[PDB]
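K.L.:
My structure is in run_8.cif, and what it holds is mmCIF, C-alpha atoms:
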data_start
loop_
_atom_site.group_PDB
_atom_site.id
_atom_site.type_symbol
_atom_site.label_atom_id
_atom_site.label_comp_id
_atom_site.auth_asym_id
_atom_site.auth_seq_id
_atom_site.Cartn_x
_atom_site.Cartn_y
_atom_site.Cartn_z
ATOM 1 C CA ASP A 4 45.104 6.642 -14.722
ATOM 2 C CA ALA A 5 43.762 8.034 -17.981
ATOM 3 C CA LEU A 6 44.545 4.832 -19.886
ATOM 4 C CA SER A 7 41.956 2.794 -17.953
ATOM 5 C CA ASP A 8 38.644 1.611 -19.419
ATOM 6 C CA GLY A 9 35.817 1.455 -16.870
ATOM 7 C CA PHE A 10 34.643 3.927 -14.259
ATOM 8 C CA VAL A 11 35.029 2.129 -10.922
ATOM 9 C CA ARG A 12 38.433 3.469 -9.862
ATOM 10 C CA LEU A 13 40.553 1.612 -7.317
ATOM 11 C CA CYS A 14 42.902 3.615 -5.094
ATOM 12 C CA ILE A 15 45.033 1.313 -2.955
ATOM 13 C CA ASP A 16 46.087 2.730 0.397
ATOM 14 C CA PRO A 17 49.797 3.703 0.452
ATOM 15 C CA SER A 18 50.732 1.194 3.150
ATOM 16 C CA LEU A 19 49.418 -1.880 4.935
ATOM 17 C CA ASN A 20 49.091 -2.679 8.711
ATOM 18 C CA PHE A 21 45.693 -0.941 8.957
ATOM 19 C CA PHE A 22 44.495 -3.875 11.078
ATOM 20 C CA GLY A 23 46.809 -2.746 13.865
ATOM 21 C CA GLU A 24 47.389 0.864 14.954
ATOM 22 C CA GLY A 25 44.931 0.232 17.774
ATOM 23 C CA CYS A 26 47.003 -2.085 19.959
ATOM 24 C CA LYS A 27 50.229 -0.147 20.369
ATOM 25 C CA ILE A 28 52.680 -1.958 22.659
ATOM 26 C CA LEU A 29 55.592 -0.042 24.205
ATOM 27 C CA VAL A 30 58.769 -1.971 25.018
ATOM 28 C CA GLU A 31 61.098 -0.208 27.458
ATOM 29 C CA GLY A 32 64.659 -1.299 28.145
ATOM 30 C CA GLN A 33 68.322 -0.445 27.873
ATOM 31 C CA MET A 34 70.521 -0.148 24.794
ATOM 32 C CA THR A 35 74.207 -0.084 23.923
ATOM 33 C CA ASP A 36 76.139 2.643 22.114
ATOM 34 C CA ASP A 37 76.130 0.886 18.736
ATOM 35 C CA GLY A 38 72.519 1.881 18.155
ATOM 36 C CA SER A 39 71.562 5.091 16.395
ATOM 37 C CA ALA A 40 68.268 5.721 18.211
ATOM 38 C CA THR A 41 67.898 8.706 20.508
ATOM 39 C CA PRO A 42 67.659 7.761 24.202
ATOM 40 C CA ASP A 43 64.591 8.652 26.255
ATOM 41 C CA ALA A 44 62.175 9.096 23.350
ATOM 42 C CA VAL A 45 59.512 6.718 22.054
ATOM 43 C CA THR A 46 60.012 5.650 18.436
ATOM 44 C CA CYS A 47 57.935 3.390 16.226
ATOM 45 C CA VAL A 48 59.494 0.070 15.210
ATOM 46 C CA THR A 49 58.340 -1.352 11.893
ATOM 47 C CA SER A 50 59.955 -4.759 11.404
ATOM 48 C CA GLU A 51 62.722 -6.945 12.828
ATOM 49 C CA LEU A 52 65.495 -6.463 10.264
ATOM 50 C CA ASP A 53 66.695 -3.079 11.560
ATOM 51 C CA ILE A 54 66.733 -3.368 15.338
ATOM 52 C CA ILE A 55 70.383 -4.420 15.680
ATOM 53 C CA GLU A 56 71.462 -1.273 13.855
ATOM 54 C CA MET B 1 61.370 -14.455 -81.846
ATOM 55 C CA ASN B 2 61.832 -14.031 -78.118
ATOM 56 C CA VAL B 3 65.465 -13.422 -77.192
ATOM 57 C CA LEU B 4 66.229 -16.855 -75.626
ATOM 58 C CA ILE B 5 68.394 -17.524 -72.571
ATOM 59 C CA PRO B 6 70.025 -20.734 -71.214
ATOM 60 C CA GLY B 7 68.671 -23.794 -69.144
ATOM 61 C CA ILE B 8 69.464 -27.435 -68.256
ATOM 62 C CA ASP B 9 67.509 -28.295 -71.402
ATOM 63 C CA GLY B 10 69.062 -25.962 -73.968
ATOM 64 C CA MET B 11 68.236 -22.365 -74.925
ATOM 65 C CA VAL B 12 64.698 -21.865 -73.623
ATOM 66 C CA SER B 13 62.749 -18.591 -73.667
ATOM 67 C CA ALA B 14 61.691 -17.041 -70.377
ATOM 68 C CA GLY B 15 59.022 -14.848 -68.860
ATOM 69 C CA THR B 16 57.634 -13.336 -65.686
ATOM 70 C CA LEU B 17 54.764 -14.387 -63.448
ATOM 71 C CA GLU B 18 52.316 -11.937 -61.918
ATOM 72 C CA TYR B 19 52.843 -10.579 -58.412
ATOM 73 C CA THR B 20 50.380 -12.573 -56.318
ATOM 74 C CA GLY B 21 50.868 -10.708 -53.050
ATOM 75 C CA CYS B 22 51.085 -13.599 -50.653
ATOM 76 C CA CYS B 23 54.518 -14.644 -49.390
ATOM 77 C CA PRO B 24 55.069 -14.942 -45.720
ATOM 78 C CA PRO B 25 57.441 -12.411 -44.214
ATOM 79 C CA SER B 26 60.851 -14.062 -44.298
ATOM 80 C CA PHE B 27 64.021 -13.838 -42.206
ATOM 81 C CA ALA B 28 64.885 -10.323 -43.366
ATOM 82 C CA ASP B 29 61.742 -8.994 -41.680
ATOM 83 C CA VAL B 30 62.273 -10.525 -38.219
ATOM 84 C CA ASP B 31 63.849 -7.789 -36.106
ATOM 85 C CA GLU B 32 64.579 -7.363 -32.451
ATOM 86 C CA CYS B 33 62.966 -4.030 -31.852
ATOM 87 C CA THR B 34 60.029 -4.943 -34.088
ATOM 88 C CA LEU B 35 58.967 -7.984 -32.068
ATOM 89 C CA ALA B 36 60.351 -7.113 -28.635
ATOM 90 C CA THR B 37 57.668 -4.430 -28.578
ATOM 91 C CA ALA B 38 55.219 -6.882 -30.143
ATOM 92 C CA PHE B 39 55.713 -9.341 -27.270
ATOM 93 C CA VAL B 40 54.437 -6.688 -24.858
ATOM 94 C CA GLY B 41 50.990 -7.460 -26.253
ATOM 95 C CA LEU B 42 50.865 -10.939 -24.736
ATOM 96 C CA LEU B 43 50.362 -9.421 -21.284
ATOM 97 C CA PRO B 44 46.917 -9.022 -19.701
ATOM 98 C CA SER B 45 45.043 -5.733 -19.355
ATOM 99 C CA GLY B 46 43.976 -3.752 -16.321
ATOM 100 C CA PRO B 47 45.038 -0.903 -14.043
ATOM 101 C CA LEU B 48 48.227 -2.826 -13.244
ATOM 102 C CA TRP B 49 49.328 -3.390 -16.844
ATOM 103 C CA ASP B 50 48.008 -0.338 -18.703
ATOM 104 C CA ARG B 51 50.527 2.384 -17.880
ATOM 105 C CA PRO B 52 53.558 0.038 -17.948
ATOM 106 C CA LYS B 53 52.406 -1.221 -21.347
ATOM 107 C CA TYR B 54 52.060 2.389 -22.493
ATOM 108 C CA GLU B 55 55.477 3.676 -21.384
ATOM 109 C CA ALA B 56 57.522 0.755 -22.762
ATOM 110 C CA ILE B 57 60.283 2.472 -24.733
ATOM 111 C CA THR B 58 62.831 0.445 -26.689
#
Now that the file is in, can you turn its structure into structure tokens?
P.N.:
Amino acid sequence: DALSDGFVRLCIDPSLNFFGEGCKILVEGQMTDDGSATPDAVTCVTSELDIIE
Amino acid sequence: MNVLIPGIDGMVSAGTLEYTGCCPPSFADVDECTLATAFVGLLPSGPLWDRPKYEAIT
């Protein structure tokens, strides 16, 4: 930002969850046909609100 | 000899006072755009408020 005043310049990291990403847990199990995830391929899962879909 | 105009007391003569300059801005002045943008100034300052306060178009 050019409009700022001081010189110490904060640059917030794009996303949170830094604390993790060192304790990856892999859940393996079956799925129905409603889901849109490709079978037999690991995929990250962010939150809970989009697992039914 | 001074023309003479009318009043609740007869036919009095009149005149003009000098423009002082004070006189609060009255209802005519109050405007939406003119104080909607003025109310942006009540916000704090910092890297979170600087660019939004700069780009506020009305």
K.L.:
For the provided coordinates, the residues matched by the PyMOL selection byres ((chain A and resi 56) around 9) should be stated as a list in words.
P.N.:
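Evaluating the PyMOL selection byres ((chain A and resi 56) around 9) on these coordinates yields residues 37, 38, 39, 40, 52, 53, 54 and 55 of chain A.
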K.L.:
Would you list which chain B residues are within 9 Å of chain A using all atoms listed in the file, as JSON, numbers by chain?
P.N.:
{"B": [46, 47, 50, 51, 54]}
K.L.:
At a cut-off of 12 Å, using all atoms listed in the file, what residues contact residue 24 of chain A? Leave out same-chain residues fewer than 4 positions from it and give the result as a list in words.
P.N.:
residues 19, 20, 28, 47 and 49 of chain A
K.L.:
Give me the residues near segment 34-37 of chain B as a CSV table (one decimal) with C-alpha atoms, in the frame of the given file, where near means some atom within 9 Å (using only C-alpha atoms) and where sequence neighbours in that chain fewer than 6 positions away do not count.
P.N.:
chain,number,residue,atom,x,y,z
B,56,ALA,CA,57.5,0.8,-22.8
B,57,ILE,CA,60.3,2.5,-24.7
B,58,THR,CA,62.8,0.4,-26.7
K.L.:
Keeping just N, CA, C and O atoms, export segment 10-27 of chain B of this structure as an mmCIF file, in the first residue's frame.
P.N.:
data_model
loop_
_atom_site.group_PDB
_atom_site.id
_atom_site.type_symbol
_atom_site.label_atom_id
_atom_site.label_comp_id
_atom_site.auth_asym_id
_atom_site.auth_seq_id
_atom_site.Cartn_x
_atom_site.Cartn_y
_atom_site.Cartn_z
ATOM 1 N N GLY B 10 -46.178 52.541 11.164
ATOM 2 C CA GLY B 10 -46.491 53.661 10.301
ATOM 3 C C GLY B 10 -45.815 53.601 8.952
ATOM 4 O O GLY B 10 -46.007 52.644 8.203
ATOM 5 N N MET B 11 -45.048 54.637 8.621
ATOM 6 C CA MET B 11 -44.221 54.685 7.415
ATOM 7 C C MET B 11 -42.805 55.001 7.878
ATOM 8 O O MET B 11 -42.396 56.163 7.893
ATOM 9 N N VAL B 12 -42.067 53.970 8.274
ATOM 10 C CA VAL B 12 -40.712 54.142 8.778
ATOM 11 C C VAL B 12 -39.745 54.065 7.606
ATOM 12 O O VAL B 12 -40.068 53.484 6.566
ATOM 13 N N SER B 13 -38.559 54.645 7.763
ATOM 14 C CA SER B 13 -37.473 54.516 6.806
ATOM 15 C C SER B 13 -36.601 53.323 7.179
ATOM 16 O O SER B 13 -36.524 52.925 8.341
ATOM 17 N N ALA B 14 -35.932 52.759 6.179
ATOM 18 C CA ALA B 14 -35.251 51.485 6.336
ATOM 19 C C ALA B 14 -33.783 51.623 5.967
ATOM 20 O O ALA B 14 -33.319 52.681 5.540
ATOM 21 N N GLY B 15 -33.056 50.527 6.129
ATOM 22 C CA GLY B 15 -31.640 50.510 5.837
ATOM 23 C C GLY B 15 -31.129 49.089 5.801
ATOM 24 O O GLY B 15 -31.900 48.132 5.858
ATOM 25 N N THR B 16 -29.808 48.962 5.717
ATOM 26 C CA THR B 16 -29.172 47.663 5.539
ATOM 27 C C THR B 16 -28.025 47.527 6.521
ATOM 28 O O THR B 16 -27.232 48.459 6.680
ATOM 29 N N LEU B 17 -27.930 46.373 7.168
ATOM 30 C CA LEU B 17 -26.821 46.102 8.066
ATOM 31 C C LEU B 17 -25.656 45.495 7.293
ATOM 32 O O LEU B 17 -25.810 45.010 6.170
ATOM 33 N N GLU B 18 -24.480 45.527 7.907
ATOM 34 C CA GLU B 18 -23.275 45.061 7.239
ATOM 35 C C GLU B 18 -23.162 43.547 7.325
ATOM 36 O O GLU B 18 -23.543 42.940 8.328
ATOM 37 N N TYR B 19 -22.634 42.941 6.265
ATOM 38 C CA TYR B 19 -22.470 41.492 6.227
ATOM 39 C C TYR B 19 -21.423 41.074 7.250
ATOM 40 O O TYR B 19 -20.229 41.326 7.065
ATOM 41 N N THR B 20 -21.869 40.429 8.328
ATOM 42 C CA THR B 20 -20.947 40.008 9.374
ATOM 43 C C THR B 20 -20.057 38.870 8.898
ATOM 44 O O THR B 20 -18.827 38.944 8.998
ATOM 45 N N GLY B 21 -20.660 37.810 8.377
ATOM 46 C CA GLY B 21 -19.907 36.667 7.907
ATOM 47 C C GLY B 21 -20.256 35.385 8.625
ATOM 48 O O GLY B 21 -20.416 34.338 7.991
ATOM 49 N N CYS B 22 -20.600 35.504 9.900
ATOM 50 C CA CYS B 22 -21.066 34.346 10.631
ATOM 51 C C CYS B 22 -22.455 34.047 10.200
ATOM 52 O O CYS B 22 -23.086 34.932 9.648
ATOM 53 N N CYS B 23 -22.953 32.844 10.469
ATOM 54 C CA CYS B 23 -24.302 32.418 10.104
ATOM 55 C C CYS B 23 -24.143 30.968 9.827
ATOM 56 O O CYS B 23 -23.658 30.588 8.777
ATOM 57 N N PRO B 24 -24.543 30.134 10.759
ATOM 58 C CA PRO B 24 -24.285 28.722 10.554
ATOM 59 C C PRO B 24 -24.852 28.244 9.248
ATOM 60 O O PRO B 24 -25.847 28.785 8.804
ATOM 61 N N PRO B 25 -24.231 27.253 8.617
ATOM 62 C CA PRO B 25 -24.850 26.692 7.413
ATOM 63 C C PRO B 25 -26.192 26.050 7.724
ATOM 64 O O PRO B 25 -26.302 25.194 8.603
ATOM 65 N N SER B 26 -27.215 26.464 6.986
ATOM 66 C CA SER B 26 -28.590 26.098 7.266
ATOM 67 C C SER B 26 -29.003 24.877 6.451
ATOM 68 O O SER B 26 -28.174 24.184 5.858
ATOM 69 N N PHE B 27 -30.310 24.608 6.435
ATOM 70 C CA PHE B 27 -30.848 23.384 5.848
ATOM 71 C C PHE B 27 -30.468 23.225 4.386
ATOM 72 O O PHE B 27 -30.219 22.112 3.919
#
